[PDB]
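This report concerns only the one structure given below.
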Number of protein chains: 2
Amino acid sequence: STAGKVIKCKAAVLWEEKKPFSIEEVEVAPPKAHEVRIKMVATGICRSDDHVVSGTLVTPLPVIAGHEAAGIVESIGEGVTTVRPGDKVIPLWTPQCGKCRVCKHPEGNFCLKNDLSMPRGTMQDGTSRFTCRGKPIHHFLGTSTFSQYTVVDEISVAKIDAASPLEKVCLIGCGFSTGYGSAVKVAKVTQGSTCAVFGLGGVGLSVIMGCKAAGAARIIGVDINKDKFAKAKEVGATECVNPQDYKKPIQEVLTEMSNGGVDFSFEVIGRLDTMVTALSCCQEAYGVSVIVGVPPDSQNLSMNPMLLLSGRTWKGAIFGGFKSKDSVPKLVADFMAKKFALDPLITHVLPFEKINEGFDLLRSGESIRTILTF
Amino acid sequence: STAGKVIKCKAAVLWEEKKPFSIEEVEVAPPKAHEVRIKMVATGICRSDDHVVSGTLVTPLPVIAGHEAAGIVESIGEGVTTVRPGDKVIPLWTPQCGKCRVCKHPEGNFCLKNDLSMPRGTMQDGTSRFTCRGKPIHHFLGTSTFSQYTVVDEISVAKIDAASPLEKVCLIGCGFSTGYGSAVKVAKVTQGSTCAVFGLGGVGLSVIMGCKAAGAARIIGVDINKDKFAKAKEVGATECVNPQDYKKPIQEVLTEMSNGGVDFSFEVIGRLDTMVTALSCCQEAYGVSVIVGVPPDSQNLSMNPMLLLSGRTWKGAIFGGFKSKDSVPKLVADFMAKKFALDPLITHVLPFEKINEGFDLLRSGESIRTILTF
Ligand SMILES: NC(=O)c1ccc[n+]([C@@H]2O[C@H](COP(=O)([O-])OP(=O)([O-])OC[C@H]3O[C@@H](n4cnc5c(N)[nH+]cnc54)[C@H](O)[C@@H]3O)[C@@H](O)[C@H]2O)c1
Ligand SMILES: NC(=O)c1ccc[n+]([C@@H]2O[C@H](COP(=O)([O-])OP(=O)([O-])OC[C@H]3O[C@@H](n4cnc5c(N)[nH+]cnc54)[C@H](O)[C@@H]3O)[C@@H](O)[C@H]2O)c1
Ligand SMILES: [Zn+2]
Ligand SMILES: [Zn+2]
Ligand SMILES: [Zn+2]
Ligand SMILES: [Zn+2]
């Protein structure tokens, strides 16, 4: 048995920014009250994990990153009621405490217990469950899925269908749900509309999936890497454009293509310039633009507020606007009922031991999602 | 009769920025096809008219400003079907052509025929109906209501109730409708919500009216002129705050007062800094901020897009989001049925000849709306 004991297991530790992960033994403490220890089965490589490496996203180091994953409960602490040992689970990097004003709001999902705004890199109790070479190691977004075992707070885990293929549904833990919900829940894309999606990685492809599910008539994919266009069209893009191919700014091109601006635009990259371009290319009186990309730490954009005064709506969202614990099980059930596809997002499946190779595939432009299998 | 003839009348001509208006004779051409010549009865002094003087809102000079008004049709050009001589009318500085993609959209109102985005200071046909000292004079927003007579395109006028008191309902031509619609239509303020209104002039007071009509539980007025607070409370503010009284930035004060951020905020001033402050003070996950104030020409704001990524919605609107020709007659009918009050906005009445004194009253901080009578 491992229950009640420290587990020594393999994890990918990030000791400092801009260095490879170190795949080595860590100690994982047993769960305390209202905590859950999970044996990980699969984890995806999201660009946001790379943001930790690159210093785009600031969180305390050293750290066990990883937030898009699925696994099986190994043990539960005192007082846990929502999962049991043996359950398939998805960690929730946006928690759902159920008690804060955001969790009680019909349209809020960015629970005040999150560790994204002001990252501490701990459990809810302000401590860590991880040790490596005798040193405490930080958590990441309450999840830390680049480990054979993690410990999460109960509000940071959802039970999912026991028959779930974990090597696919791990994507519901971040990239699929974020993109799909950004289209269907946050933007509320309408039937017959014209959409523009900036960035055709895993999250942007999921935005396209959502725009197509919502009945958009036109879905224009925008990326500087034309190698991304074929898969974008497979999942619903009607046109793709590469800004590098044009003498004019792409907002002008997209305004012309849409006969005066798009209904819905999405920034799914993480650049200040494309956030302003994406806003500008939606129709000035009734267009909606959604920021999905994580911006570089502490940098401000510049924009003319007449873009808003005319009638545009600008919003952003975490995790596609989904209340995480309510939504993740339902999304898995919908995947099991063939309501959407995840295979188009998966370009590579590697053992966990190849985490660094998986990140190199992302950084080279060659992958959408690599799934790492423990 | 005057039909088909040039009318010589008095108007308030602005020859130069930062100078008093010149009340002097102009020649007003008769209406061409699909044009309407109006004998003006009352016009309000909106801060946006002062923006023309200050160069905050750039439009070609020399100009006849004025856009918040009511009058009586003197004559109609060929093909006009929607008004007749003798009808009471409100000029529409946001037109409603009924034919463009915005007019056809369920939620758009910033008709593509507007003269606000890129002002030319003409009629729709690119020409002027005004001569002064033998020189052509620009129109303003297609309305030019600071004149005993104006000529407007048919898409820039609405017929209103024959029994309307024009010295009151002129406010439906800009400040009332803008503020009230910004709350009820654009923000869609909810029952029991907390609202923050930045700027307690005629437009901000009308925002408060709308927030109260929508059932807000708390309406916090924000102004650096504490003399504005008493009337704000009369029309529905529950608290007023002066940023100058506080050591901390007012976004932090309002976040504390609202136990984590307001539901709805409104910028009703026209400053870049208060547009960002108003966004920041709405709750980070589900708050909504609406820009109403006109920004200084060609200037960009700076902001951190993490304010949006967490879940905030930022939008702006023209004319309270109302489709102008559909909405103005209904707002007049509702006024006549006592569904809202206009008298709280009217602090001063002057004859048209005292227009410069009316602008002095606005600039000193003393007035809300001065109504000028022809
Ligand atoms: N809001 C959230 O909850 C949330 C969740 C998940 C991911 N994210 C962020 O979303 C973004 C996309 O993540 P991902 O899909 O995993 O990343 P990704 O797979 O790296 O995809 C990004 C895409 O953007 C393309 N690109 C880069 N620069 C430009 C440019 N100038 N113009 C057009 N295209 C360009 C690039 O070629 C690539 O295909 C990242 O910033 C993530 O951090 C946010
Ligand atoms: N979007 C539209 O369709 C539309 C329509 C009408 C008016 N406007 C604009 O709305 C704004 C308000 O117009 P109005 O009510 O006639 O003007 P106003 O009567 O000048 O009211 C503005 C108020 O802002 C207050 N104020 C100034 N600076 C600050 C500050 N730093 N912090 C807090 N309060 C401050 C000021 O004391 C005054 O009471 C102006 O910019 C207009 O141009 C826009
Ligand atoms: Zn919560
Ligand atoms: Zn992610
Ligand atoms: Zn129109
Ligand atoms: Zn106005």
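Letters A, B, ... go to the chains of the structure tokens in the order shown; residues in each chain start at 1; ligands are counted from 1 in the same order.
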
Within 12 Å of ligand 3 (only C-alpha atoms and all ligand atoms), residues as a ChimeraX atom specification: /A:94-105,108-115,155-156,323-325 /B:285

Site check for ligand 4: residues at most 7 Å away, only C-alpha atoms and all ligand atoms, as a ChimeraX atom specification: /A:46-49,67-68,174-175

Using only C-alpha atoms, please write the residues we just selected to a file, as a PDB file, in the first residue's frame.
```pdb
ATOM      1  CA  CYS A  46       0.283  23.324 -23.213  1.00  0.00           C
ATOM      2  CA  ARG A  47       2.060  26.481 -24.371  1.00  0.00           C
ATOM      3  CA  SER A  48       1.315  27.894 -20.879  1.00  0.00           C
ATOM      4  CA  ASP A  49       3.687  25.278 -19.362  1.00  0.00           C
ATOM      5  CA  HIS A  67      -1.784  21.467 -15.624  1.00  0.00           C
ATOM      6  CA  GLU A  68      -3.490  19.596 -18.553  1.00  0.00           C
ATOM      7  CA  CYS A 174      -6.929  22.787 -20.556  1.00  0.00           C
ATOM      8  CA  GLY A 175      -6.592  23.316 -24.273  1.00  0.00           C
TER       9      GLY A 175
END
```

Spatial neighbours of residue 333 in chain B, 12 Å, only C-alpha atoms, chain gap at least 4 places, as a PyMOL selection string: chain B and resi 159-165+169+172+326-329+337-340

Protein and nucleic residues near ligand 6, 12 Å, only C-alpha atoms and all ligand atoms, as a PyMOL selection string: chain B and resi 43-52+57+65-69+91-94+116+140-141+143+145+170-179+201-204+268-269+292-294+318-320+369

Can you work out which residues from chain B touch chain A at a cut-off of 9 Å (counting only C-alpha atoms) and hand them back as a short mmCIF file (atom, residue, chain, number, x, y, z; two decimals) with N, CA, C and O atoms, in the first residue's frame?
```
data_model
loop_
_atom_site.label_atom_id
_atom_site.label_comp_id
_atom_site.auth_asym_id
_atom_site.auth_seq_id
_atom_site.Cartn_x
_atom_site.Cartn_y
_atom_site.Cartn_z
N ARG B 101 -25.23 47.26 -42.83
CA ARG B 101 -25.12 46.02 -42.05
C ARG B 101 -25.35 46.30 -40.56
O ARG B 101 -25.84 45.44 -39.83
N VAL B 102 -24.95 47.47 -40.09
CA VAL B 102 -25.17 47.81 -38.67
C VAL B 102 -26.64 48.05 -38.38
O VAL B 102 -27.18 47.52 -37.41
N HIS B 105 -28.42 44.85 -38.11
CA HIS B 105 -28.00 43.93 -37.05
C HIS B 105 -28.88 44.14 -35.83
O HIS B 105 -29.19 45.26 -35.47
N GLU B 107 -28.29 44.21 -32.67
CA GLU B 107 -27.63 44.96 -31.56
C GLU B 107 -26.72 46.08 -32.05
O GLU B 107 -25.94 46.68 -31.27
N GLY B 108 -26.70 46.38 -33.31
CA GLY B 108 -25.85 47.50 -33.71
C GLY B 108 -26.67 48.76 -33.79
O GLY B 108 -27.81 48.71 -34.19
N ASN B 109 -26.04 49.89 -33.52
CA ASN B 109 -26.71 51.17 -33.72
C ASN B 109 -25.81 52.22 -34.37
O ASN B 109 -26.33 53.29 -34.74
N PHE B 110 -24.50 52.00 -34.47
CA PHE B 110 -23.59 53.03 -35.01
C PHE B 110 -23.60 52.91 -36.53
O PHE B 110 -22.71 52.37 -37.18
N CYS B 111 -24.68 53.43 -37.10
CA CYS B 111 -24.95 53.38 -38.55
C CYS B 111 -23.73 53.85 -39.32
O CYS B 111 -23.10 54.85 -38.97
N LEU B 112 -23.44 53.14 -40.41
CA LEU B 112 -22.26 53.44 -41.23
C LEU B 112 -22.33 54.79 -41.91
O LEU B 112 -21.30 55.24 -42.41
N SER B 117 -17.03 58.93 -36.84
CA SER B 117 -15.75 58.17 -36.90
C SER B 117 -14.66 58.95 -37.60
O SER B 117 -13.49 58.96 -37.11
N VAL B 186 -26.79 48.68 -23.01
CA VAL B 186 -25.40 48.30 -23.32
C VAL B 186 -24.84 47.45 -22.18
O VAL B 186 -24.45 46.30 -22.39
N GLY B 260 -14.80 43.38 -3.40
CA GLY B 260 -14.04 42.67 -4.43
C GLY B 260 -14.27 43.15 -5.85
O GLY B 260 -13.79 42.48 -6.76
N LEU B 272 -8.49 59.07 -20.51
CA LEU B 272 -7.86 57.76 -20.67
C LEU B 272 -7.69 57.11 -19.31
O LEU B 272 -7.92 55.91 -19.15
N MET B 275 -10.88 55.71 -17.90
CA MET B 275 -11.34 54.52 -18.63
C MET B 275 -10.67 53.28 -18.06
O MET B 275 -11.32 52.26 -17.84
N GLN B 283 -15.47 43.80 -11.04
CA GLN B 283 -14.99 42.50 -10.53
C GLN B 283 -14.25 41.77 -11.64
O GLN B 283 -14.70 41.70 -12.79
N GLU B 284 -13.10 41.19 -11.31
CA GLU B 284 -12.16 40.72 -12.34
C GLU B 284 -12.66 39.53 -13.17
O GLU B 284 -12.16 39.34 -14.28
N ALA B 285 -13.60 38.78 -12.65
CA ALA B 285 -14.08 37.55 -13.30
C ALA B 285 -15.35 37.79 -14.09
O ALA B 285 -15.57 37.06 -15.08
N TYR B 286 -16.22 38.68 -13.65
CA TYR B 286 -17.56 38.82 -14.28
C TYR B 286 -17.99 40.28 -14.39
O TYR B 286 -19.11 40.52 -14.86
N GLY B 287 -17.14 41.22 -14.02
CA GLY B 287 -17.51 42.62 -14.14
C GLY B 287 -17.62 43.10 -15.58
O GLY B 287 -17.02 42.51 -16.52
N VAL B 290 -18.34 49.95 -19.17
CA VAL B 290 -18.78 50.62 -20.40
C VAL B 290 -18.14 52.00 -20.47
O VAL B 290 -18.32 52.82 -19.57
N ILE B 291 -17.44 52.24 -21.58
CA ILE B 291 -16.91 53.58 -21.91
C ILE B 291 -18.00 54.37 -22.61
O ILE B 291 -18.52 53.94 -23.67
N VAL B 292 -18.33 55.51 -22.03
CA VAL B 292 -19.25 56.49 -22.61
C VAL B 292 -18.51 57.77 -22.97
O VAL B 292 -18.87 58.43 -23.96
N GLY B 293 -17.55 58.20 -22.17
CA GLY B 293 -16.88 59.47 -22.43
C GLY B 293 -16.10 59.47 -23.73
O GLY B 293 -15.60 58.44 -24.18
N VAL B 294 -16.07 60.64 -24.38
CA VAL B 294 -15.36 60.82 -25.66
C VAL B 294 -13.89 61.07 -25.33
O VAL B 294 -13.57 61.98 -24.56
N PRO B 295 -12.97 60.26 -25.88
CA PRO B 295 -11.56 60.44 -25.56
C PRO B 295 -10.93 61.57 -26.33
O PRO B 295 -11.44 61.96 -27.38
N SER B 298 -7.14 61.13 -31.04
CA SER B 298 -5.98 60.38 -31.55
C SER B 298 -5.10 59.89 -30.42
O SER B 298 -4.02 59.41 -30.72
N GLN B 299 -5.54 59.94 -29.17
CA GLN B 299 -4.68 59.46 -28.06
C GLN B 299 -5.04 58.03 -27.67
O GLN B 299 -6.21 57.65 -27.63
N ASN B 300 -4.02 57.27 -27.36
CA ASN B 300 -4.13 55.86 -26.95
C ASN B 300 -3.98 55.75 -25.44
O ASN B 300 -3.15 56.47 -24.85
N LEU B 301 -4.75 54.85 -24.87
CA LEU B 301 -4.58 54.42 -23.45
C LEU B 301 -3.60 53.26 -23.39
O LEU B 301 -3.34 52.60 -24.39
N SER B 302 -3.07 53.03 -22.19
CA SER B 302 -2.20 51.90 -21.87
C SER B 302 -2.91 51.05 -20.83
O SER B 302 -3.39 51.61 -19.82
N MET B 303 -2.94 49.74 -21.01
CA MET B 303 -3.55 48.89 -19.99
C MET B 303 -2.94 47.49 -20.07
O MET B 303 -2.38 47.11 -21.09
N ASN B 304 -3.10 46.78 -18.98
CA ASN B 304 -2.61 45.40 -18.83
C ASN B 304 -3.74 44.46 -19.25
O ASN B 304 -4.79 44.42 -18.61
N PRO B 305 -3.57 43.67 -20.33
CA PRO B 305 -4.66 42.81 -20.78
C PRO B 305 -5.02 41.69 -19.80
O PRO B 305 -6.05 41.06 -19.98
N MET B 306 -4.22 41.45 -18.75
CA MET B 306 -4.66 40.52 -17.70
C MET B 306 -5.95 41.02 -17.06
O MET B 306 -6.69 40.21 -16.52
N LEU B 307 -6.27 42.32 -17.14
CA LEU B 307 -7.56 42.80 -16.60
C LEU B 307 -8.72 42.13 -17.35
O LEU B 307 -9.77 41.93 -16.75
N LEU B 308 -8.54 41.86 -18.64
CA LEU B 308 -9.56 41.20 -19.44
C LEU B 308 -9.46 39.69 -19.33
O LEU B 308 -10.49 39.01 -19.30
N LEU B 309 -8.26 39.13 -19.32
CA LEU B 309 -8.09 37.65 -19.35
C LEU B 309 -8.84 37.01 -18.19
O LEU B 309 -9.38 35.90 -18.33
N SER B 310 -8.86 37.64 -17.02
CA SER B 310 -9.56 37.07 -15.87
C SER B 310 -11.07 36.92 -16.07
O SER B 310 -11.72 36.15 -15.35
N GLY B 311 -11.65 37.71 -16.99
CA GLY B 311 -13.08 37.56 -17.28
C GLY B 311 -13.82 38.87 -17.47
O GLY B 311 -14.98 38.83 -17.89
N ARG B 312 -13.22 40.02 -17.23
CA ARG B 312 -13.92 41.29 -17.43
C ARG B 312 -14.36 41.46 -18.89
O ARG B 312 -13.70 40.96 -19.83
N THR B 313 -15.45 42.20 -19.04
CA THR B 313 -15.97 42.65 -20.32
C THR B 313 -15.83 44.15 -20.39
O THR B 313 -16.28 44.84 -19.45
N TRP B 314 -15.24 44.63 -21.46
CA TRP B 314 -15.04 46.06 -21.69
C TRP B 314 -15.74 46.42 -22.98
O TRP B 314 -15.48 45.80 -24.03
N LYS B 315 -16.60 47.39 -22.95
CA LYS B 315 -17.26 47.81 -24.19
C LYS B 315 -17.48 49.30 -24.16
O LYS B 315 -17.28 49.95 -23.12
N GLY B 316 -17.79 49.87 -25.29
CA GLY B 316 -18.20 51.25 -25.37
C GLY B 316 -19.49 51.34 -26.16
O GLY B 316 -19.94 50.34 -26.75
N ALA B 317 -20.06 52.52 -26.24
CA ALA B 317 -21.23 52.68 -27.10
C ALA B 317 -21.45 54.13 -27.41
O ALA B 317 -21.09 55.04 -26.64
N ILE B 318 -22.11 54.31 -28.53
CA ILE B 318 -22.60 55.60 -29.02
C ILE B 318 -24.09 55.67 -28.74
O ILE B 318 -24.81 54.71 -29.03
N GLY B 321 -26.45 52.88 -27.24
CA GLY B 321 -26.76 51.68 -28.03
C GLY B 321 -28.10 51.75 -28.72
O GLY B 321 -28.46 50.78 -29.40
#
```

Coordinates-based distance that separates CA of residue 364 in chain B from atom 21 (O, counted along the ligand's line) of ligand 2 (Å, one decimal): 11.2 Å

Non-local contacts of residue 232 in chain A (8 Å; only C-alpha atoms; under 5 positions in same chain excluded) as a list in words: residues 200, 205, 208, 221, 237 and 240 of chain A

Helix (DSSP H, G or I) per DSSP on the backbone: members of range 172-372 of chain A, as a ChimeraX atom specification: /A:172-173,175-187,202-213,226-234,243-245,250-257,272-281,306-309,319-321,324-336,343-345,352-363

Secondary structure check, strand (DSSP E) residues of range 34-163 of chain B, as number ranges by chain: B: 35-44, 69-76, 88-91, 130-132, 135-137, 149-153, 157-159

Atom-to-atom span, CA of residue 267 in chain A and CA of residue 331 in chain A, Å: 23.0 Å

Spatial neighbours of residue 254 in chain B, 12 Å, only C-alpha atoms, chain gap at least 4 places, as a PyMOL selection string: chain B and resi 194-198+218-222+239-243+246+248-250+258-265+277-283

Atoms kept (C-alpha atoms) for selection, written as a short mmCIF file (atom, residue, chain, number, x, y, z; two decimals), in the first residue's frame:
```
data_model
loop_
_atom_site.label_atom_id
_atom_site.label_comp_id
_atom_site.auth_asym_id
_atom_site.auth_seq_id
_atom_site.Cartn_x
_atom_site.Cartn_y
_atom_site.Cartn_z
CA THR B 194 -23.52 47.30 -7.57
CA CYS B 195 -22.70 49.99 -10.14
CA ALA B 196 -19.97 52.68 -10.22
CA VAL B 197 -20.55 55.79 -12.38
CA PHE B 198 -17.50 57.95 -13.15
CA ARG B 218 -25.90 50.20 -4.96
CA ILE B 219 -24.95 53.03 -7.31
CA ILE B 220 -21.68 54.69 -6.40
CA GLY B 221 -21.14 58.08 -8.02
CA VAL B 222 -17.55 59.19 -8.58
CA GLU B 239 -22.96 56.73 -2.16
CA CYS B 240 -20.68 59.33 -3.75
CA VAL B 241 -16.91 59.39 -3.60
CA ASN B 242 -14.36 62.01 -4.60
CA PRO B 243 -11.03 60.44 -5.65
CA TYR B 246 -8.31 59.29 -0.79
CA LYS B 248 -5.18 55.19 -2.53
CA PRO B 249 -6.22 55.04 -6.20
CA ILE B 250 -10.02 55.07 -6.52
CA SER B 258 -17.81 46.55 -3.26
CA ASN B 259 -16.14 43.64 -1.40
CA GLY B 260 -14.04 42.67 -4.43
CA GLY B 261 -15.18 44.85 -7.39
CA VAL B 262 -18.39 46.24 -8.84
CA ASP B 263 -20.78 44.45 -11.20
CA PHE B 264 -20.98 47.37 -13.67
CA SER B 265 -18.83 50.46 -14.11
CA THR B 277 -9.65 52.89 -13.57
CA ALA B 278 -13.31 52.16 -14.37
CA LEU B 279 -12.34 48.84 -16.02
CA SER B 280 -10.10 47.90 -13.08
CA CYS B 281 -12.77 48.59 -10.44
CA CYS B 282 -15.27 46.05 -11.89
CA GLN B 283 -14.99 42.50 -10.53
#
```
